[PDB]
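Only one chain is included here, represented as structure tokens and corresponding to the form deposited in one PDB entry.
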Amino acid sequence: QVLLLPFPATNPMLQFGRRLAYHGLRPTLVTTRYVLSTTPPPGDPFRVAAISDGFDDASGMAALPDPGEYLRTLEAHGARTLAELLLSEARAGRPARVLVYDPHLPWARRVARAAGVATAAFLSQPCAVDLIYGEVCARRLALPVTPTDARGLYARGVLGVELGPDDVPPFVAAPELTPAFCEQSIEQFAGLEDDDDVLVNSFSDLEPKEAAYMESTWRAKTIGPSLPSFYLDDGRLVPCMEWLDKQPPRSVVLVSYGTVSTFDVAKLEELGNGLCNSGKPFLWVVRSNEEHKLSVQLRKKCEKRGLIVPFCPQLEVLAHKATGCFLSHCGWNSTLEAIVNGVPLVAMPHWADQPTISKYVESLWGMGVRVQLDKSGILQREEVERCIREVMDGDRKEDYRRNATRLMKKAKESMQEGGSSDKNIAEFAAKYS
């Protein structure tokens, strides 16, 4: 038995689990009783097992808004029900050979360690961000992290790009803005020198200096991109689509800004007018509440070339031949999905890993551009238009496509039989089988 403990609510861990099963391990997804009550189980090859966060009949994420507070409930109950799961499973003849866990849950580690269960930390943020947090946790870097700090890592051949003030990860560049996430980001690495394995959802051709440093400093092994095999061309394992089928090749701007507060739906009006003014066909994901908040006049303007939808099969949209670029907040999973499909990016980072990923996208990978905010931090329609035309029509357009395609090929190769990430996956599985 391999146990998989992602933060409760995933895909990347489960995809790693699917490859463990291919090599003959038996994976179990471990999640809350709530998730398990409500959501359907992953199905074969997975079993599921349930712990508790204190909240078996209601989301405690809702019931406890503050960051610090939810975590303590989850820990208190989770640590205890996890301990019982392990002991139960052991007594049941199904002892856990290894616990793969999100190190945003460092108590997973102590529970497993206490029961003699090997631990494998699963980092699903890019090496470049993980390493900065690590350096802070090891006290080789002092809060706050500054562009100067970053330029030192760059000079030392650890970071492949020079990060400015809008590129450093804000959780440690501006700790005071978000102290709980700051702490948690850094703490992932306290006690990670004790893990039997450390795994990162990236690939080494993507971030070669950063992945080499993570490997030599934390023994981190790249196991990504951890996505469904189909999209990596690996054979060993709806209205918007009908709309995409009618579009010309490489023409559509996929757009996912993410969640917007009431404090700004002016933002969405800027975004939507920018889209209309670009003149490109566009598929814009806006959740239904937020759509009802758009102006009548913006909705009519969007009818001409756009389709607004509450959700889409993002990976399938990105693989469709109609899709020409992705205006994204540049979350990591989203970004790897774009890479693997060879889609240029227009990056609108908000937080967490996004600023740093966006800098990589623009300045090392060369697969798109990042939107420039004004003095007040606002994204204007003119900037949205400009970025779209820059990627889809400008003089550098073929550079963005060529670079994305280059990264798509190395992504696929890394995960195919015999690639760098596939080898790390196979070594990990031979270790526990």
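Between two forms, the rigid core is defined as the largest C-alpha subset superposing within 1.5 Å. Start at 1 with the first residue shown and count on from there. Shifts are known only where both forms have a C-alpha.
The discussion below concerns the form deposited in another entry, not included here.
In a core superposition between this form and the one not shown, the Cα of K293 is the only one among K321, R94, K293, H350 shifting by 2 Å or more.
When the rigid core is held fixed, the Cα atom of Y257 travels 2 angstroms or more between this form and the one not shown. Three angstroms is the minimum change: in that other deposited form, the CA atoms of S376 and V260 sit farther apart than in this structure, by 3 Å or more.
In that other deposited form, the Cα atoms of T259 and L318 sit 3 Å or more nearer to each other than they do here. Residues present in both forms were considered; between this form and the one not shown, the rigid-core fit shows Cα displacements of 2 Å or more across three or more consecutive positions at 257 to 264, 287 to 304.
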